[PDB]
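For the protein sequence lines, the chains are 5, 8, r, n, s, w and g, in the order given. Each residue of the first sequence is one higher than the one before, starting from 8 at the first, in the deposited numbering. Going left to right, the second sequence walks through residues 94 to 103, 119 to 144 as the deposited numbering numbers them. Going left to right, the third sequence walks through residues 16 to 20, 32 to 45, 57 to 128 as the deposited numbering numbers them. Each residue of the fourth sequence is one higher than the one before, starting from 6 at the first, in the deposited numbering. Each residue of the fifth sequence is one higher than the one before, starting from 7 at the first, in the deposited numbering. Each residue of the sixth sequence is one higher than the one before, starting from 19 at the first, in the deposited numbering. Each residue of the seventh sequence is one higher than the one before, starting from 6 at the first, in the deposited numbering. From the three backbone atoms N, C-alpha and C, an ideal C-beta is built for every residue, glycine too. To start, the structure under review is shown below, and the notes come after it.
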Amino acid sequence: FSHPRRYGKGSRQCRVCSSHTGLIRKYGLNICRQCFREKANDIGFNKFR
Amino acid sequence: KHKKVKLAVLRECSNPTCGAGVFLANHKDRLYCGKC
Amino acid sequence: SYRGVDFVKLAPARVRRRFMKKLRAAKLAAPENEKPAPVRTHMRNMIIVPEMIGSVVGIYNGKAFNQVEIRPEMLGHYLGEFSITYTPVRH
Amino acid sequence: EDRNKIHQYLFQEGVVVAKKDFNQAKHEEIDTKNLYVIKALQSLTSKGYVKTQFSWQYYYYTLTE
Amino acid sequence: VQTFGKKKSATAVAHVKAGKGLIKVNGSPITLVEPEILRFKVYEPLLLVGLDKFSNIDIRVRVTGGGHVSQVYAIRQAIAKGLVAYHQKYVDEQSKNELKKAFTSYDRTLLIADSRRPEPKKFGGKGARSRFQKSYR
Amino acid sequence: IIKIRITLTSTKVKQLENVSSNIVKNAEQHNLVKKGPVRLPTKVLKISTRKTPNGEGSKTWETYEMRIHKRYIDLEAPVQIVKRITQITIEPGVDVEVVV
Amino acid sequence: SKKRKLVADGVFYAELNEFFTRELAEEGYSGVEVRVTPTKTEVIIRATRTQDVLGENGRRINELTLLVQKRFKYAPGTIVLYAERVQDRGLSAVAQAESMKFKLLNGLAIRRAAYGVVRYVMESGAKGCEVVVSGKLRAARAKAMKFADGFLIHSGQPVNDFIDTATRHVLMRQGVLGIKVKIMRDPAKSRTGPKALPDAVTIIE
RNA sequence: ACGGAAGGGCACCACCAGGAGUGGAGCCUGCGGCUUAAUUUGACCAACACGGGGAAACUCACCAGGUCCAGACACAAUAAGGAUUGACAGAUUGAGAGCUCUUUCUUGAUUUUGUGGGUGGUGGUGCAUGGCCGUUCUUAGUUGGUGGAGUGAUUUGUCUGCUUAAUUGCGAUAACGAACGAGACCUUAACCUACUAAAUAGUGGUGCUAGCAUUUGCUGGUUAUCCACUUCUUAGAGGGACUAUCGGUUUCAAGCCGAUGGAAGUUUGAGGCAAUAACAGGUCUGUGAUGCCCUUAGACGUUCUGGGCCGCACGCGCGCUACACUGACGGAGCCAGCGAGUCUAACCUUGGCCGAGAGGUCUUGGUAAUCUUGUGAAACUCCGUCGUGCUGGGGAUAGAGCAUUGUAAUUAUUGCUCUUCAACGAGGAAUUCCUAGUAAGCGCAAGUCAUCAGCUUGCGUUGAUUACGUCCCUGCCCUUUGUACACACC
Ligand SMILES: [Mg+2]
Ligand SMILES: [Mg+2]
Ligand SMILES: [Mg+2]
Ligand SMILES: [Mg+2]
Ligand SMILES: [Zn+2]
Ligand SMILES: [Zn+2]
C-alpha cells in the first residue's frame, strides 16, 4: 500500500496546506510559496527593499 | 468478492501463545495453522 | 557470444552497479523443439543475464504485453529496450 | 482493545493530537495506528463527546460534557 | 600612520612609518604589482611628488577584496593618502597642503575614494537596468 | 568564580540592545571584568518568491527579509552573579545562551 | 542551528496564531504573545473577553494548554498559557473582523454590520476605519462595498507603524464573503514607537 | 471615450546618437500543430525558462491494468452457541497480492446487507465567489463637508501663467477649509583618523622562531605566546546634505543654470510601500477558502505496477554555444561579493591516501564573523604553440568504456575518457533592452534539488560607445475642441 517516498516532491509537503508543489524548503520552513506569502509576517519575514 | 462461506457449526503446534484453539487445517502436509 | 565468452564481472558499469524465477519453471515444463510459454512481466528495468536466454517474455510497455524471445545478443540490455512504449508517429 | 486504548488515552489525558498521516503506523503517544486514532475520534465526533479542529493537518480533539 | 584606499570593494591598508624608502604592496616591491600595464598607476603617487624624495618613510600595503584593477587603484590611493597623512601628522601642514595640491590637481582618485558602487539588480532582467527580451506574438 | 559567555540572538534590535546594556550595567555595578559586547553581524535571511499564486502576469518577484542580529558578552562572575544575570534578562524576543 | 531555530520559532508562532484563530473565534481572540523563559514558555492569549478561554475555573485554558503541549511536543509543565483582556479592544482589527463575521453569519444586513464596526472603531479612539465587504452581496454579481470613517494612510512605513488589517472569509449559503477591516490608531496615543506622522511638525513658542 | 484636431508637458516597456544584440546556424526550453493508449492541464502589451512547471518512481492531475474504504453517524435483518476479520501452500496475477479460486483454519459484535445521511475529489464552473496577483497606470491622479453655478445629469473647489519628477509649488481665484495619492516615510549603498566594543575581525611591539642578508634589516611562523590599539572589519548610538556658499537668470516668486567646497549636489544612487475607480485579466491545479453542479465502492476518493507528460512532416517565443588572431589551446600569474550548511544524522566538507579523470576511501572542522572559505570564481594578465585554411574556430550527431545519485538511469539523469567533428564564413523582412559602475562580457552563491541548468533570484569582477534632446514613430498626463461613439473607433 506504499512505495518509497524518501526523496523528491512526494517526500515532503507544505506544513500548512499539504501541497507538494511550490514548496519553500529554505531554513526548513517547508511551507508552500503561497502559504508563506499568506503568513510571512507571522513568521517574521518582512519587506524592506 | 470475498464471501466468507458461513463455516457452519463445528491439534497443537509450536508458538505456545496459541491457547488450545489453533486446530490446524488438513488438506495435505498442512502443518500451518490459521494464526500463522 | 559475450565479451570474451555470476556473469556480471565482465559487464559494463551500469549492470554491475545494479548488483522471475518462474522463467525456468516455464522453460522445462514444456516439450522441447519449441519455444517456452511466454512469461509476462512489468519489470522493464530488468537486465537480461545469460540465464534467461532462449525464453519468451511478454514485456509490459504500459499496455498490450509485447512478445519477445531472448537471444544471445540481448545480454547486458534492459528488458524495456525491446518493448516500445509509444507508437511511431509517421511524419 | 483496538478502540479501548484510544478511549483510555482520550479520557485519562483529556485531549488528543493526531497528525493527518493516514499511513503512519505508530501514533506518537497512543500505541495504535494513526488511522485508527483518526477514525475512532471521527466516530467520537458530533455523534457525541468530542470537538475537533484541524489547524494545519493535526486534528486537535477535545472532550465535552 | 595607517591609511586605506578603496575603489569598488578592494581595500588596501597602508602603513607609513619611519624608515628608509621601502615600498611594499603585498610583501613584494612596488615593481611587482603585476597588472604589467597598470604598474605606472601605482608609481603615479610617487613620480608626482618626488621621484626618490624619501630616505625617511617606509610604506607597506596590504590589499584584499576587489579585482586586479580595483586593487591597483586601491593601493595607489592608499599610499598617497598615507603619505599625505604622514606629512600632516609629523612633518608639517605646509608640506602636506603643497603635495596635496599636486595629487588633487592630477587627481585620478588618489585622495578621494570613488563613490561608484554596483547598483542592485532588479527582477525581470539580468543587470540593474537591462531587461529580458520582450516579445508580442 | 567562573568564565562565562552570554550569547544573545534576536530580530528585535531594541530588545537586544536593551538586554546587552542591562548585562553591561549589571557587570559594571559589581566591577567585574568583561570583554565588551561583540556584535555578530546581521544574518539577513532573504527569501525571494513570486507574488502571484499562479503563473499569470508580469513576472514580479518579492523578497522578504528576517534580520538576525547577534551579541556575545563574556566575563567572570561567581555562581550567584551567573544565576542572577541569567535570571535578570528575560526580555521577550531575545534568545540567551550562557556557556561556561 | 540559530537561523533555522529563529525561523522555526516564527513558524511555531504562526501555528499557534492560526490554531487560536480557529479555536477561539467565538472568544474574541486577538493575538498570541510568546515569551520563552528559561524555566518555561508562556503563551498569552489576548482576547476581548477572557472568561470563555478560561472556561470552568480554568478548564478551557487547561485543555488548550494540554493540546498545545501534546501537539508541539513539550514537556508537562514546560509550556503554560495565560489570557489577557485586550485594552481598548475596539482598536483590534482581528477582533472587529471576527465580530463582523459573526454578525454576518448569524444573519444581519451587510451595511448594518459594516457601519456598526466602523462606528465602534471610530468611537474607540481610532483616527480612521475602513470595512470592505467583497463577494455576492446580492444575487450573482459579487460586488464590493466600502465603508470608511475618518482618515486612512496607504503608502509608507506608517502603514506598518499604525495600521491594523484583518481579512476573514464568511460562509453563507451563496459563496464566500471577504471581510477586510483596516483600523488606523491615533499615533498620539501610541505608547510605543513614533508618536506622530512623519510629515507632522509641532512647533512651540 | 475617441479623433489621420489644436495647444502644453512627458517616457529608451518611444524615437533620436549609439551599444549589445534577437530574427539566420546547432542545441536547450516553453507554446501551437501532428501523433499517441495517454502524449494531463491552465494561460494566447497584460500567454509562449510562466504556473516558482529543471516531471525516471512520487509530484500526477493523462493512459493500460490491480487493491483498499480512510462509506462518520441514525434505523432494520444478518447476529449475541458466530455479523464479520485475516490467512501460509498452490491455480490466477507484473506482483512474495489470499484480488478471486483449490481450502479449512483463525479472529470476534470492532463490521456486513438495505435506507437515509455523510466524507473525499488537481472533477466542472475564475462568466457564481473569497483571498492573492497582474494590468489599466510609472503615470499624477482621486474624493467628500459647507458655500457658489446649473430645472438636471453635472460643475467649481481640483485653475490662466510660470515651475516641479509630481494636483510639486509660486501664485491666481466662487470658493473656503480638508482627506487620500506625490512627497514625507522605511530598507539598503556611499563617508565618519568622531564615541562604545571586539583569539568568532584585524593591526602593530615584544616573546618563541625556519630562511635571506649579518649593524640588525626583509618576508615569512608561532589558533591559549606576550602587551597595546581600533586605521581596515563588524554594528549599536549618532553626525553628515539642507541643492550649502558664491555668481547669473529669473514677470514680484516658486525655481533653474554654472563654479567652488564637499564622500555625497539626478528626488545623492537603488529599491520597499504605494490612492480612487475598474477588468467578466489569471488563479476552483496553493489552501481543511468556497457556493452550485457532477461523482462517491467496476469511484472522478485513495493506493500499487507499468507507461506518458520528453513522443516529430512543421511554425513561433525566451535562451545557451559559436562563426574566431581584440582568438583557440597550453603552461604560469592567482583578485571578489551576495550566501548556505547535519543532533535524530548524514548537511557544507578542509586534510591525508588511491585513481588519468569522474570519483573512491580514512579522518577532520563547523549548528557557523569560528569550519567548508581568503569559496586561490571566470572573464582577465604574462609567456609560448597555432597562422588564417571550416583551421589547432565550432562542438551538434553518434560509438565504445569508467563512475556517481537513486528501489529503479532503457527513451542515453548527470559526470568522466577516447573516438566521429554536422550546421554555422556575423544572419532577409522585421524586432528587443539599455544613459554610468550603467550597457556588454565574466563567473559565483541561493531557489527548485536524491541526481539533473542552457532557468530565475541576487552577488560581485572587467567595464565602453553614445545622449544630456525631442514629440517624428509607439504610447501617457492636463487643457481646449468636434462627435451621429457609451459594447465607448476593435
Ligand atoms: Mg512614497
Ligand atoms: Mg472636477
Ligand atoms: Mg511540459
Ligand atoms: Mg473603423
Ligand atoms: Zn502551502
Ligand atoms: Zn500460533
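So if I threshold CB-CB distances at 7 Å, which residues from the segment 120-141 of chain s count as touching chain w?
Listed by position along the chain: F129 and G130.
Proximal residues, the segment 21-43 of chain 5 versus chain n, C-beta separation under 7 Å
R22, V23 and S25
Please indicate yes or no: does the CB of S26 (chain 5) lie closer than 6 Å to some heavy atom of ligand 5?
Counting from one through the first sequence, the residue named residue 26 (chain 5) turns up at place 19. Checking the Cβ of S26 (chain 5) against ligand 5 gives yes.
Tell me which same chain residues have a C-beta within less than 8 Å of the C-beta of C144 (chain 8), skipping the five on either side of it?
In the second sequence, counting from the first residue as 1, residue 144 (chain 8) sits at position 36. Excluding positions up to five away in sequence, the list reads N123.
Tell me which same chain residues have a C-beta within less than 7 Å of the C-beta of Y54 (chain n), skipping the five on either side of it?
One-based indexing of the fourth sequence puts residue 54 (chain n) at position 49. The residues are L68 and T69.
So, does the segment 67-76 of chain w touch the segment 11-21 of chain g, judging by three or more C-beta pairs under 8 Å?
no
Proximity winner among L34 (chain w), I41 (chain w), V97 (chain w) and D92 (chain w), relative to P59 (chain w) (alpha-carbon distances):
Numbered from 1 along the sixth sequence, position 41 holds the residue referred to as residue 59 (chain w). Taking only the C-alpha atoms, the option nearest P59 (chain w) is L34 (chain w).
What residues are listed by DSSP as bridge partners for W79 (chain w)?
As a position in the sixth sequence, residue 79 (chain w) is number 61, starting the count at 1. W79 (chain w) is bridged by DSSP to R68 (chain w).
If you measure from the beta carbon of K46 (chain 5) to each beta carbon in chain g, is any gap under 7 Å?
Counted from its first residue, the first sequence places residue 46 (chain 5) at position 39. It does: the Cβ of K46 (chain 5) has a partner Cβ on chain g nearer than 7 Å.
Secondary structure of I50 (chain 5), DSSP reduced to three states
Stepping through the first sequence from its first residue, residue 50 (chain 5) is reached at position 43. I50 (chain 5): helix per DSSP, three-state reduction.
Please specify which runs of the beta strand (DSSP E), each continuous and at least 3 residues long, are wholly inside the segment 36-86 of chain s, giving them in chain order.
63-70
Within the continuous alpha helix (DSSP H) that includes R61 (chain r), where are the two ends?
The sequence position of residue 61 (chain r) within the third sequence is 24, counting from 1. Run containing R61 (chain r): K59 to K64, per the alpha helix (DSSP H) assignment.
Using the Cβ count rule (16 or more neighbours within 10 Å means buried), how would you classify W61 (chain n)?
Translated into positions along the fourth sequence, residue 61 (chain n) becomes position 56. Answer is buried; the Cβ neighbour count reaches 16.
Kindly indicate which three-state DSSP category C126 (chain 8) falls into: helix, strand or coil?
Residue mapping note: residue 126 (chain 8) aligns to position 18 of the second sequence, counting from 1. Coil.
Which one or two residues does DSSP pair with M150 (chain g) in a beta bridge?
Numbered from 1 along the seventh sequence, position 145 holds the residue referred to as residue 150 (chain g). Looking at the DSSP assignment, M150 (chain g) forms a beta bridge with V138 (chain g).
Measuring alpha carbon to alpha carbon, tell me which of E18 (chain n), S51 (chain n), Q58 (chain n) and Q47 (chain n) ends up nearest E34 (chain n).
In the fourth sequence, counting from the first residue as 1, residue 34 (chain n) sits at position 29. When each option's Cα is compared against that of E34 (chain n), the closest is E18 (chain n).
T42 (chain g) and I108 (chain w): beta carbons closer than 7 Å?
For the purposes of this step, residue 42 (chain g) is identified with residue 37 of the seventh sequence, where counting begins at 1. For the purposes of this step, residue 108 (chain w) is identified with residue 90 of the sixth sequence, where counting begins at 1. Yes, they are a contact pair.
Residues in the segment 11-39 of chain n with C-beta within 9 Å of chain 5's C-beta atoms, listed in sequence order?
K25 and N28
CA-to-CA distance, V37 (chain w) to residue 17 (chain w), given in whole angstroms
Nothing about residue 17 (chain w) can be read from this structure; chain w reaches only from 19 to 118.
Between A171 (chain g), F152 (chain g), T197 (chain g) and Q162 (chain g), which has its C-alpha nearest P203 (chain g)'s C-alpha?
Reading the seventh sequence from its first residue, position 198 is the one you call residue 203 (chain g). Ranking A171 (chain g), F152 (chain g), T197 (chain g) and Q162 (chain g) by CA distance to the CA of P203 (chain g) puts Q162 (chain g) first.
Those residues, in chain order, that have a beta-carbon closer than 7 Å to some heavy atom of ligand 6
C121 (chain 8), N123 (chain 8), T125 (chain 8), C126 (chain 8), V130 (chain 8), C141 (chain 8), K143 (chain 8) and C144 (chain 8)
Spatially closest choice to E69 (chain r) from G91 (chain r), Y123 (chain r), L116 (chain r) and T124 (chain r), by CA coordinates:
Within the third sequence, numbered from 1, the residue matching residue 69 (chain r) stands at position 32. Nearest C-alpha to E69 (chain r): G91 (chain r).
Just checking: is the beta-carbon of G51 (chain 5) within a distance shorter than 7 Å of some beta-carbon in chain w?
As a position in the first sequence, residue 51 (chain 5) is number 44, starting the count at 1. For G51 (chain 5), the answer is yes, since a Cβ of chain w falls inside 7 Å of its Cβ.
How is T107 (chain w) classed by DSSP in three states: helix, strand or coil?
For this step, residue 107 (chain w) is matched to residue 89 along the sixth sequence. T107 (chain w) falls in the coil class under three-state DSSP.
Look at the alpha carbon of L29 (chain g) and the alpha carbon of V118 (chain w), and state the distance between them as a whole number of angstroms.
Within the seventh sequence, the letter at position 24 stands for residue 29 (chain g). Within the sixth sequence, the letter at position 100 stands for residue 118 (chain w). Spanning the two alpha carbons is a distance of roughly 44 Å.
Environment of ligand 1 in chain order, Cβ to heavy atom below 7 Å
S160 (chain g) and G161 (chain g)
Where in the segment 15-49 of chain n do unbroken runs of the alpha helix (DSSP H), each at least 4 residues long, occur, reported from the N-terminal end onward?
39-48
Mind listing the chain 5 neighbours of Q62 (chain n)? Cutoff is C-beta to C-beta under 7 Å, in chain order.
Indexing the fourth sequence from 1 puts residue 62 (chain n) at position 57. In chain order: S25.
Any idea what DSSP makes of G15 (chain g), helix, strand or coil?
Taking the seventh sequence and counting its residues from 1, one reaches residue 15 (chain g) at position 10. DSSP places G15 (chain g) within a helical segment (H, G or I) once states are collapsed to three.
Judging by CA-CA distance, which residue of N39 (chain n), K10 (chain n) and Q13 (chain n) is the nearest neighbour of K25 (chain n)?
Position 20 of the fourth sequence, counted from the start, is the residue given in the question as residue 25 (chain n). For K25 (chain n), the nearest C-alpha among the options comes from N39 (chain n).
Start-end ranges of the alpha helix (DSSP H) lying completely within the segment 55-95 of chain g, minimum 4 residues:
64-77
Quick check: is the beta carbon of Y125 (chain g) nearer than 7 Å to any beta carbon in chain 5?
Taking the first residue of the seventh sequence as position 1, residue 125 (chain g) is located at position 120. Answer no: the Cβ-Cβ gap between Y125 (chain g) and chain 5 never drops below 7 Å.
Could you give the first and the last residue of the continuous beta strand (DSSP E) run that contains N82 (chain r)?
The count along the third sequence starts at 1 and reaches residue 82 (chain r) at position 45. From DSSP, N82 (chain r) is part of no beta strand (DSSP E); its letter is neither H nor E.
Can you have a look at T9 (chain s) and say buried or exposed, based on whether 16 or more other CB atoms are within 10 angstroms of its CB?
In the fifth sequence, counting from the first residue as 1, residue 9 (chain s) sits at position 3. When all chains shown are included, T9 (chain s) counts as buried.
Select from the segment 58-82 of chain w all residues with a C-beta closer than 8 Å to any C-beta belonging to chain g, and list them in chain order.
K61 and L63
If we call anything under 7 Å between Cβ atoms a contact, is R85 (chain w) one with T29 (chain w)?
For this step, residue 85 (chain w) is matched to residue 67 along the sixth sequence. For this step, residue 29 (chain w) is matched to residue 11 along the sixth sequence. Yes, Cβ-Cβ distance for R85 (chain w) and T29 (chain w) is below 7 Å.
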